[PDB]
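One structure is given here, and the rest of the page talks about it.
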Amino acid sequence: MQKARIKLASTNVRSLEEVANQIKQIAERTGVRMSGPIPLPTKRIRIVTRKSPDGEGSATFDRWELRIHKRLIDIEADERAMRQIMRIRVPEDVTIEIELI
Amino acid sequence: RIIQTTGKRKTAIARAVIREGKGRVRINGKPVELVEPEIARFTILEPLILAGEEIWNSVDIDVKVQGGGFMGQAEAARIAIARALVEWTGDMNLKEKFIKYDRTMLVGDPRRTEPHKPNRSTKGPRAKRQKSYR
Amino acid sequence: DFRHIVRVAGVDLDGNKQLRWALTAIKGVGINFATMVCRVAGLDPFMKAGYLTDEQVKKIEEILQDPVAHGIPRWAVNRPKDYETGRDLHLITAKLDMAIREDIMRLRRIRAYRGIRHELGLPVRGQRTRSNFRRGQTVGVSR
Amino acid sequence: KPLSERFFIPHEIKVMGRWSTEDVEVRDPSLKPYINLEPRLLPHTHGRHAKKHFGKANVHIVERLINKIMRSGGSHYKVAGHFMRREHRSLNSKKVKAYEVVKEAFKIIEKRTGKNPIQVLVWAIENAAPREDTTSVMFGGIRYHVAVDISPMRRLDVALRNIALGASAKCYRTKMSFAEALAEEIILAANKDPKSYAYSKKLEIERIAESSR
Amino acid sequence: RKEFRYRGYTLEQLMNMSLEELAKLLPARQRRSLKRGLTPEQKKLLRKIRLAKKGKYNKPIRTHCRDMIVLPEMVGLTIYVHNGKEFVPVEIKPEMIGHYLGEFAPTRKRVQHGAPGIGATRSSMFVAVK
Amino acid sequence: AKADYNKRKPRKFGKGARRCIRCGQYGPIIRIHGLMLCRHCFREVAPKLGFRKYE
Amino acid sequence: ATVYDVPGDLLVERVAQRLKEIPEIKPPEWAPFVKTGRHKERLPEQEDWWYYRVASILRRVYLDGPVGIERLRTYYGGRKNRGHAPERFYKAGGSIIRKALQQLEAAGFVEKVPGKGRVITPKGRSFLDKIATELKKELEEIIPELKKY
RNA sequence: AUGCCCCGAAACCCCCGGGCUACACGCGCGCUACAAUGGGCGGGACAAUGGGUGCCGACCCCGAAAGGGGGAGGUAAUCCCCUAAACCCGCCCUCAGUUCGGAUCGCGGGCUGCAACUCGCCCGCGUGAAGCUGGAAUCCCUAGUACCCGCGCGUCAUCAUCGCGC
Ligand SMILES: [Mg+2]
Ligand SMILES: [Mg+2]
Ligand SMILES: [Mg+2]
Ligand SMILES: [Zn+2]
């Protein structure tokens, strides 16, 4: 109970699904319910710039862009699983945050 | 029993609900009879006048819309209302008349705006500045 | 009772126009100051100006000559805080341009920066002048 | 203005809910298969026809008329005197105002003559459409102005355009309105009067078209 | 109309007046400047006007602070400014209080025009550069 | 003091308050979401900062 | 019937009429000298420009629920004609609105929900729906299609 | 980033005040108009992209307006910017240099700033210039595209007639 809430957020999309399915399976193997990964809106940061150092020539621009995929998981609290999700060993380009309600 | 359909028109969505009643129809709470820009009131009464004052008096419809403007939501309403009427009565000698008069009453419109490009970029994709020789 | 030409404090005003526009002509009374005085006096701003009996002209002339004491507030007045005395005043045609003229001469005396521009007939409020403000006549080189 | 007309509900699939194009009758065999007169309650097609060759054949005549008054005037070619560039106060995209002026135009026409306004309109768009033209054909090195024949569709386009421009020059800096100046043009053209602009342009085209056959 | 009255108050009637009661008799800009305190340099300059007002400092007052707001202390004496290259005298009189110090020391030489040259018009641009 | 005549002043706004973290110039500096670089250095370091160009 | 059953302008015109009899609604001391917002150019023209504003404010908290002062200033703004420069949208003043809301509170039609703005009372709903029905009982003669609902 | 040649108690490093904002004049790109296919006053309608911890400010209360004194909730599909304008209904104006057009100037109240004169921006009353459709010439556009109307980021302690998007 107290329904922990975990929030993953990373820029590589693939390397997120694997930690998601780890959490899903760990929950399943033991006895606990869970709300599947709820996709939250992507946050894409965009930066428009000119292209030439000097000021001569026509004006042509760039569009750099960086996308950040998020998720959200709701799960109960059993120490058999509350612990089981501690040896999960996230990758280095992912963020995780845990908190109960 | 109830039915419910949808209609989209360049950023405007419409959810309809149809069921038996006295022949009244609301839109966001407004009665259809009170829509001020007459050219947008005659736009959502074409399905309900092309079916006749007999079917139009045995149903209640009530839609909800959001987005767009006074003419990009009238057409959403019309699409949803046509798609609902073609199921309640559920015939085809009426569905046919919904393709001779206007084919889009059932297939909708696949058109959206087009992004802007860098020469003015606040006026449109193809409009540019004014050339200056000499 | 109808008339065609009436006069109040100098400039004479038409008689087939509404009362609020008929007063606009008096140099010193715009449109937003006319609505005010017509309201404070006690009569409509839509009555035909020719229908002004003369005691009402006396009323209007009273008001235009010290309006602060009748209800016209002192944030809506031709000039507040008179440079010679802190009284709040509203001037009209003859007294107006003279007051501005002496407010200009005062800056001409001390030889400020805002007085010399008034001298030479140039911008006063910080504009640019490479490209506009061409109040002169073209110059040629050769052809 | 009267609340019975401000709030108006039809119960018949007519044109604008008022007039019925069941008895009008086109005389010219050339322009018959291009002037559409189907039921079509509301005149609005949302610009789907301007994608397909000969698409504008199946578009109601009232919509072809309403679209050719959504414009500012004469912007690079003088009309009876001057340019009439009127930007930011022209009705370029405002289809509501266009539909309104045409509604009132018909309401005036129906009163001063007494016929189905669309019959008067279909008379106006034949006594104003000319069927001879000019060009330049280069042949073996040189060209010279020669006379040609105008296909029907282009006849119709030119007709409606000149009616538009005729009405849109008497409401210009003059006391007369726009809806009534769209009537003092159709009642004239449909009667072959010289004082018109759409008819006079037909005569002064056909003249300098014949004189160089 | 030979005496000077600012808002109904003569000179020596306002010469003894304070500095917070004074600001109610000046327009916005100077009332606000008098309210965010004076800058350090203007402190150093007031502490040289007051001495030159009592008996001491009989020596020309100079400055770079063109921002100083003329005040009833400075009426009567003649101080200098710095218009970019040199110090220019400004004999302070009444009817200056409220204005800025640098307002009376102009900064650009009045312009008088010669004759157009090679490029002043499209008729002498390429007919010169060969 | 000979340490009072080659020492600057601590600005806190205006073009002279920030300089590029890698080149060292004042002027056209990017302040979106925090990073502080030129407009010239951000263009030849971006594909290692993670960014990509899709359109 | 309710206020959802007629057009806005007719109902507001009819409401402002009966409103003139509530002793609490009365124009302040600076009403004849004020234009309604920094985006106008001229003062209001009719003499009862007060009652129309107040009556438009009732119907505006009826079908908007908890709404606050700084949100009734976005509604009553417009586009400005600022000389040689393009047009631009601006908010409205505050006093003309704050007074209206305090006077309607003292009348007994609204109330200050704490922390979330103001809402309408039962007295106010009775007031507005009675007039809506009174009007509509005659908008169906000349429009015989409202007779249904 | 960099080779060669000059500066080397200076052409290196800091600090205060001025200039880049000067104005008989020729030109490039734009904004507002020359009115009724409109101006004013009161009511009624409907968006999307994006941004916020040195910051975004709901809600209450003072002020006529700019603004001021308090101050929840927000490290974000939660709280805030954020009830858009062209559009519609009702009344005044009736073809006039005008209730068109708002340049130019006088006086008074405020915000940011260590500092607003040279040279910042914003408000209220008053004054009311040229302009009645544009010579020879020349530019942009093939469909949700051209035209017409507003909005958001950037630059930024304040200031958008600009650039890039909706
Ligand atoms: Mg420069
Ligand atoms: Mg005007
Ligand atoms: Mg300044
Ligand atoms: Zn750099």
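Simple scheme: letters A, B, ... for chains in structure tokens order, numbers from 1 for residues in each chain, numbers from 1 for ligands in the order shown.
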
### Message
Taking only C-alpha atoms (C1' of nucleotides) and all ligand atoms and a cut-off of 12 Å, can you tell me which residues surround ligand 3, written as a VMD selection string?
### Response
(chain C and resid 114 124 to 127) or (chain E and resid 29 67 100 102 to 103) or (chain H and resid 21 115 to 121)

#### Entry: Expected answer as a list in words: chain G residues within 10 Å of chain C, only C-alpha atoms
residues 29, 30, 32, 33, 34, 35, 41, 42, 43, 44, 45, 46 and 47 of chain G

What does the file look like for those residues with N, CA and C atoms, as a CSV table (one decimal), in the first residue's frame?
chain,number,residue,atom,x,y,z
G,29,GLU,N,-19.3,58.4,-7.7
G,29,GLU,CA,-19.2,59.8,-7.9
G,29,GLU,C,-18.3,60.2,-9.0
G,30,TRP,N,-17.6,59.3,-9.7
G,30,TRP,CA,-16.8,59.6,-10.8
G,30,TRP,C,-17.2,58.9,-12.1
G,32,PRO,N,-19.4,60.0,-14.5
G,32,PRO,CA,-19.5,60.8,-15.8
G,32,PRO,C,-18.2,61.2,-16.3
G,33,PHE,N,-17.0,60.8,-15.7
G,33,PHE,CA,-15.8,61.4,-16.1
G,33,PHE,C,-14.7,60.3,-16.5
G,34,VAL,N,-15.2,59.2,-17.0
G,34,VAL,CA,-14.3,58.0,-17.0
G,34,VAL,C,-14.5,57.3,-18.3
G,35,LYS,N,-13.5,56.9,-19.0
G,35,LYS,CA,-13.6,55.9,-20.1
G,35,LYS,C,-13.2,54.5,-19.5
G,41,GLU,N,-10.9,55.4,-26.7
G,41,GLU,CA,-10.6,56.8,-27.1
G,41,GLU,C,-11.6,57.8,-26.6
G,42,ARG,N,-12.9,57.4,-26.4
G,42,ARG,CA,-13.9,58.3,-26.0
G,42,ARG,C,-14.8,57.7,-24.9
G,43,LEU,N,-15.5,58.6,-24.2
G,43,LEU,CA,-16.3,58.2,-23.1
G,43,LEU,C,-17.5,57.5,-23.5
G,44,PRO,N,-18.1,56.7,-22.7
G,44,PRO,CA,-19.4,56.1,-23.0
G,44,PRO,C,-20.5,57.1,-23.3
G,45,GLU,N,-21.4,56.7,-24.2
G,45,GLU,CA,-22.4,57.7,-24.8
G,45,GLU,C,-23.7,57.7,-24.1
G,46,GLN,N,-24.3,56.5,-23.7
G,46,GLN,CA,-25.6,56.6,-23.1
G,46,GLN,C,-25.4,57.0,-21.6
G,47,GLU,N,-26.5,57.4,-21.0
G,47,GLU,CA,-26.4,57.9,-19.6
G,47,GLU,C,-26.4,56.7,-18.6

Write out as a PDB file with N, CA, C and O atoms (P, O5', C5', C4', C3', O3' and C1' of nucleotides), in the first residue's frame which residues come within 12 Å of residue 121 of chain B when counting only C-alpha atoms (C1' of nucleotides), dropping same-chain ones fewer than 6 positions away.
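The file below, out04.pdb, is the result:
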ATOM      1  N   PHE A  61      19.347  28.883 -42.074  1.00  0.00           N
ATOM      2  CA  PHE A  61      19.281  28.592 -40.653  1.00  0.00           C
ATOM      3  C   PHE A  61      19.366  27.098 -40.382  1.00  0.00           C
ATOM      4  O   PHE A  61      19.274  26.274 -41.286  1.00  0.00           O
TER       5      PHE A  61
ATOM      6  N   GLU B 114       0.124  24.331 -43.408  1.00  0.00           N
ATOM      7  CA  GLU B 114       1.446  23.915 -43.817  1.00  0.00           C
ATOM      8  C   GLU B 114       2.485  24.803 -43.149  1.00  0.00           C
ATOM      9  O   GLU B 114       2.282  26.015 -43.052  1.00  0.00           O
ATOM     10  N   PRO B 115       3.588  24.233 -42.667  1.00  0.00           N
ATOM     11  CA  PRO B 115       4.550  25.008 -41.876  1.00  0.00           C
ATOM     12  C   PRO B 115       5.089  26.224 -42.614  1.00  0.00           C
ATOM     13  O   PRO B 115       4.843  26.419 -43.798  1.00  0.00           O
ATOM     14  N   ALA B 127       5.398  32.999 -49.391  1.00  0.00           N
ATOM     15  CA  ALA B 127       5.473  34.439 -49.592  1.00  0.00           C
ATOM     16  C   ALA B 127       6.788  34.989 -49.065  1.00  0.00           C
ATOM     17  O   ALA B 127       7.174  34.696 -47.934  1.00  0.00           O
ATOM     18  N   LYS B 128       7.452  35.816 -49.867  1.00  0.00           N
ATOM     19  CA  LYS B 128       8.804  36.283 -49.600  1.00  0.00           C
ATOM     20  C   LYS B 128       8.862  37.807 -49.562  1.00  0.00           C
ATOM     21  O   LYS B 128       7.850  38.499 -49.651  1.00  0.00           O
ATOM     22  N   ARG B 129      10.079  38.320 -49.427  1.00  0.00           N
ATOM     23  CA  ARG B 129      10.347  39.752 -49.416  1.00  0.00           C
ATOM     24  C   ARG B 129      10.392  40.261 -50.853  1.00  0.00           C
ATOM     25  O   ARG B 129      10.115  39.526 -51.801  1.00  0.00           O
TER      26      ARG B 129
ATOM     27  P     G H 163      11.529  40.593 -40.550  1.00  0.00           P
ATOM     28  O5'   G H 163      12.321  39.421 -39.838  1.00  0.00           O
ATOM     29  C5'   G H 163      13.631  39.082 -40.250  1.00  0.00           C
ATOM     30  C4'   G H 163      14.270  38.115 -39.294  1.00  0.00           C
ATOM     31  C3'   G H 163      13.662  36.728 -39.241  1.00  0.00           C
ATOM     32  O3'   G H 163      14.141  35.887 -40.272  1.00  0.00           O
ATOM     33  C1'   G H 163      14.001  37.541 -37.051  1.00  0.00           C
ATOM     34  P     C H 164      13.168  34.833 -40.977  1.00  0.00           P
ATOM     35  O5'   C H 164      12.805  33.813 -39.823  1.00  0.00           O
ATOM     36  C5'   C H 164      13.731  32.835 -39.395  1.00  0.00           C
ATOM     37  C4'   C H 164      13.250  32.116 -38.163  1.00  0.00           C
ATOM     38  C3'   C H 164      12.008  31.265 -38.313  1.00  0.00           C
ATOM     39  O3'   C H 164      12.296  30.023 -38.934  1.00  0.00           O
ATOM     40  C1'   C H 164      11.873  32.535 -36.331  1.00  0.00           C
ATOM     41  P     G H 165      11.303  28.766 -38.859  1.00  0.00           P
ATOM     42  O5'   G H 165       9.863  29.373 -38.575  1.00  0.00           O
ATOM     43  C5'   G H 165       8.708  28.543 -38.563  1.00  0.00           C
ATOM     44  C4'   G H 165       8.161  28.363 -37.173  1.00  0.00           C
ATOM     45  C3'   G H 165       6.672  28.118 -37.065  1.00  0.00           C
ATOM     46  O3'   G H 165       6.289  26.786 -37.330  1.00  0.00           O
ATOM     47  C1'   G H 165       7.273  29.779 -35.541  1.00  0.00           C
ATOM     48  P     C H 166       4.794  26.461 -37.807  1.00  0.00           P
ATOM     49  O5'   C H 166       3.852  27.146 -36.725  1.00  0.00           O
ATOM     50  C5'   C H 166       3.321  26.402 -35.642  1.00  0.00           C
ATOM     51  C4'   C H 166       2.307  27.180 -34.840  1.00  0.00           C
ATOM     52  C3'   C H 166       0.892  27.201 -35.359  1.00  0.00           C
ATOM     53  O3'   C H 166       0.189  26.005 -35.090  1.00  0.00           O
ATOM     54  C1'   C H 166       1.510  29.356 -34.613  1.00  0.00           C
TER      55        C H 166
END

### Query
Which value, in Å to one decimal, gives the distance between atom CA of residue 50 of chain C and atom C1' of residue 92 of chain H?
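Atom-to-atom, atom CA of residue 50 of chain C to atom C1' of residue 92 of chain H, that is 18.2 Å.
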
### Nearby residues (only C-alpha atoms (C1' of nucleotides)) at most 9 Å from residue 50 of chain A, same-chain spacing under 5 positions excluded, as a PyMOL selection string
(chain A and resi 59-62) or (chain F and resi 39-40)
